Each structure stands twice: as C-alpha cells, then as structure tokens.
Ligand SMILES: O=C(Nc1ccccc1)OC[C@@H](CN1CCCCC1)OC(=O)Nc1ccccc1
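So this first bit is one chain, no partners, the form solved without ligand POW, shown in structure tokens.
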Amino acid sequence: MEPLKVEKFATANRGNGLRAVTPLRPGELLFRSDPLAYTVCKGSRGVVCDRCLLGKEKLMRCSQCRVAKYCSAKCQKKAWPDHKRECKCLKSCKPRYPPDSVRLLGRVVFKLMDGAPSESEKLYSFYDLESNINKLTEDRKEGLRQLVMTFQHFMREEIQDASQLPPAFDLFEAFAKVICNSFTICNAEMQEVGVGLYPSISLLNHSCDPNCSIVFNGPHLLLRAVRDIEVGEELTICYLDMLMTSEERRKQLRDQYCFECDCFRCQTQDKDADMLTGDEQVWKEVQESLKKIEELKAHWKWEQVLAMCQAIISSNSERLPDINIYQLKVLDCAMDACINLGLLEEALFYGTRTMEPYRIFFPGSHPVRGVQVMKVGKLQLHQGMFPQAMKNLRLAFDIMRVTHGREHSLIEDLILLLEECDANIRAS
C-alpha cells in the first residue's frame, strides 16, 4: 500500500547512511521495522512480557527455565521459536543470568539461519553492519573477548562449535557489531524495557540535532520525521540522551561508536552552560548519586528511587537550580517514582519543575518531552487545575501527534482528556 520513501546511500565520510527520496513533513512515518532479534533487558526481566514487552499485572513463568515470563499463552507460543534454544541455556545458567548482549546475540545466530529473508534486513543485513573493528581500542577488544567466552559457555548446551553456525558469522565481530548497532527498546512512555537489532534502521547516522526520531510499539520500531526534510537530505537520529554535555556526548560517541561528532551543537558547546548551572562542587555529588538512582529505576525499584531522590532534592533546594541537568534528572526520577507509588500531588510538585528545562533541552518535537508534558498535564487535571492542564494537554498533543503519530493510543487518551478538561473550563 505504502511507497518506500528512504534509500541507503554512500556518504563522504560516515560510511553508509539513509536519505529521503521524496520530500518529508514532520510526523511522516518513514519506516516500520521488526527486530532481527530482541530480548527483555536485565532490569525488566520479570516486569514486562518477554514477547510483547508490555507491563502486565501478572505474568506466567516458562515452566522449564522459570526465567522467561509471558502475559498469556498466545505470547508464550509466539515466542517459543525465539526461546527454544535459550531455555535450556537460561535454566542451566541459574542462579546466573547472562549479559543482555550475550542473550541478544544468542537469538541472532538462529535468525541468521532462516530461509525466510528478514523483513528487518531489507535495506541492510546483519553482515553489512559496521563493526568498527579497525578502530577498537585494546580495552574494548579485551571486553569483547570476554563476551565471546561468556557466549561460548552460555550457549554450550546448543552450540559446541563454529561449524554449527554460518561460515560468514564470526563471534568476535558479532559482538563488536552488537555494541554499536543495538537499540534500546522503550515502551510508549519512553521507559527502557529491552534491546534489539534492527539492521535496516542501523543505516541512520547520528546527529545531536536530528531530523528524525524513533518510538516503539512493543518490539516494533517506528521511524518518523520530526522536521521538514528535502529529497536527498540525509536522515539522522540522535544516538544519545539529550541531557548530556558536549563533553559527555563526545566521550560516549568515542567509546561506543568510534567517532567524533562534528554536528554544529558539538562545535559550539550548545547549551553546555545551562546544563551546568550551579557550582561543580555541589552538582558533582548529584552526578555521582545518579549512577545508583538510575540502576534502581532500570529495576523498577520505585520506593528506593524516591528515597534517594528526596534526600538529594531536599538538601540542594537552596543552592542548585533545577535547570542543572543532574538535578533535573533527579526530579524526573522522583516524579516517575511518585506516579508509580500513587503519590500524585507530590509527582505534580517534581513534575512541574522539569517543564521549563525540558522545553529548553528538548527542542522542537521530541517524544521524551511530549510524554513529560503529557504526564504533568494529567497530574494537573487530577488536581483540578484545569486551565493549566488544558495548556499542557494541548501541547503534548501537538508534540506527540508528530512523534507518536495520530493513530497512537496515547493520542486517543489525550483527546478524551482535552475534552473533559475543556468542558470543566467552560463550566467554570
């Protein structure tokens, strides 16, 4: 039904890339892709369905390994192909659990042996993926070697030798490819729930100011334009969190992707000054604490996250502004924690404080901001603060119709809320 509006091409210096073959407007869906392979990530193991990656109140463990959990038999049956070979591996590893990259690659090798050409590889295959093999530092090669051994041990029940996989496949190279090509999979409210490989989507080079963005529906990846784009214009996404200083961005791009970004934001340290508002002596502590805090959120430990956040927020109220990114991230965690713990009034407290900083650091239309605004607007609505909510709901609608698309369930809710809210306002 739908014309393909993107194509692979060779760039001057970034290797291959993806570009528009037709003019594109904001919100326009460019690509829908299934994973070559994917898995729930460590922190969400028993929290979301192994298959559809949805959070369901109550999940059924696979009777054999008791590691994989599903929201229904339909999901358990749909997953058995992808699960067959790991089930034994997982059961035996117990009480151990392998790194995600190991479990992920474990699913990949079997997909590689399909005869049904992968829909996820229509533009680019696993074997085309960049490994950056010649640019890896010795520290990295070492860690990769370890992953290789861990794989050999983890898969030993199913694979004993190289001849049981395709001749072109190489473990060391596979892991290198995995580090720089895997996508973290997020639910609709941009919470991290998994990781996957989407080889065709892997063509997109990075920019700290991208013209496209990505949102998932379960393991399905949707790529959209968030900006007007011209024929022949390279399509880009941002590989990184938006709340990072030019220097943090440089380091992670170096360490994980073996390149330095020359985008205009990196040239000019764009917003670095705002991000670091406050005294380094103070906000350094906050940056440190964030390590533990975010590891806790990855494991959905909301009580624990709230406590750490409260101590930090309380203690800094007199000397550190909310626009400082480390402090901002602590507020964002605090809010999410309160929302999950039914502390709604208090969520509104922390949430309102992220609003202006988010508008600044998440320019334009970004799914992360769209969802933030949506949450605050809903919290407002809940507290009866109608004209405030209405303003925010309207704004979330405007952002998310572009980042999530009109057919999205979250847009459905928004419209209903805008209506209930607009009613109470013109009844006031």
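The term rigid core refers to the most C-alpha atoms you can superpose between the two forms while keeping them within 1.5 Å. Throughout, we count residues from 1 along the sequence that is shown.
FYI, the form deposited with ligand POW bound isn't displayed, but the following is about it.
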### Query
Are all three of 189, 371 and 379 close to ligand POW in the bound PDB entry, meaning a heavy atom of each within 4.5 Å?
yes
## Note on the structure
Only one of 167-175, 316-324, 268-276, 181-189 sits within 4.5 Å of ligand POW in the bound PDB entry by heavy atom distance, namely 181-189
### Query
Considering 89, 355, 226, 339, which brings a non-hydrogen atom within 4.5 Å of ligand POW in the bound PDB entry?
339
### Query
Among the candidate residues 401, 394, 375, 69, which is the single one with a non-hydrogen atom no more than 4.5 Å from ligand POW in the bound PDB entry?
375
### Task
Find out whether any non-hydrogen atom of residue 411 is located within 4.5 angstroms of ligand POW in the bound PDB entry, and reply yes or no.
no
### Summary
Among 319, 153, 141, 135, the C-alpha that moves by 2 angstroms or more between the shown form and the other one, rigid core fixed, is that of 319
### Query
Against the rigid core, is the Cα displacement of residue 409 between the shown form and the other one at least 2 Å?
yes
#### Entry: Did residue 115 shift 2 Å or more between the shown form and the other one, C-alpha, core superposed
yes
### Message
Once both forms sit on the same rigid core, is the C-alpha displacement of residue 418 at or above 2 Å between the shown form and the other one?
### Response
yes
### Query
Looking in the bound PDB entry, are the Cα atoms of residue 319 and residue 310 closer together or farther apart than here, the change being 3 Å or more?
closer
### Message
Quick one: with a 3 Å or larger change, is the residue 319 to residue 308 CA distance smaller or larger in the bound PDB entry? Answer closer or farther.
### Response
closer
